[PDB]
């Protein structure tokens, strides 16, 4: 996250850090708790990941330094990638991780509400992007979870900023016309959370952009409302 600040412990209880074990243990991508055995993340985070066996999900983490070999985590039983996914820039940058065990909800770890089918009409004014990603271009994974308040922008306005690309309605953009605040490398899969009627909702999933936090280049997110049926299909399967 560029131009944001250190989070407070327990501020984003749905935020997870998705780690890989092979080659070495490290943070791979963000994610969100959406069910007691479900993580909503981005499909591009699995490029080259040949097995769910090398994955570890950590919830209730503020600092990456909290994670050692003795730290409790959730194993990944199944990686569910949208079957229309080709690449981040073309859309369908969404995936579901079925966890091996149940997440027991606490004040440190609980789920974020998915948007409503009637919430297509709503205008969100308080949207925040969070993650352990880069705060600058050539950087490293951050220790402390970072946060930034970013305004949502219309599809038409986002299309004007992305000549040569096709901003689909399954995409949602957020950014300041002068830049300065955005998600960056390492933040993918993580949430774009909007508070509406004192209720937080998972509006977006960090996906792509042109560099990070540049002027007239708002970050592109997976538009969660447009995937509620797909999510229910995968999670509520008989």
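Residue numbers count along the first chain shown, from 1.
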I need to verify one thing: averaged over C-alpha atoms only, is the B-factor higher for 168-176 or for 206-214?
168-176
Which has the higher mean CA temperature factor in the PDB entry, 49-57 or 177-185?
49-57
Identify, among 86, 120, 147, 98, the residue whose C-alpha carries the highest B-factor in the deposited PDB entry.
120
When the CA B-factors of 108, 143, 159, 90 are compared as recorded in the entry, which is the largest?
108
Looking at the temperature factor on the CA atom of residue 197, which third of the chain's modelled residues does it land in?
highest
Should residue 128 be placed in the lowest, middle or highest third of its chain by the C-alpha B factor in the entry?
lowest
Consider only the C-alpha atoms of the modelled residues in this chain, order them by B-factor as the entry records it, and name the third containing residue 8: lowest, middle or highest.
highest
Sort the modelled residues of this chain by their C-alpha B factor and say whether residue 76 lands in the lowest, middle or highest third.
middle
Report the third (lowest, middle or highest) to which the CA temperature factor of residue 94 belongs, ranking only the modelled residues of the same chain.
lowest
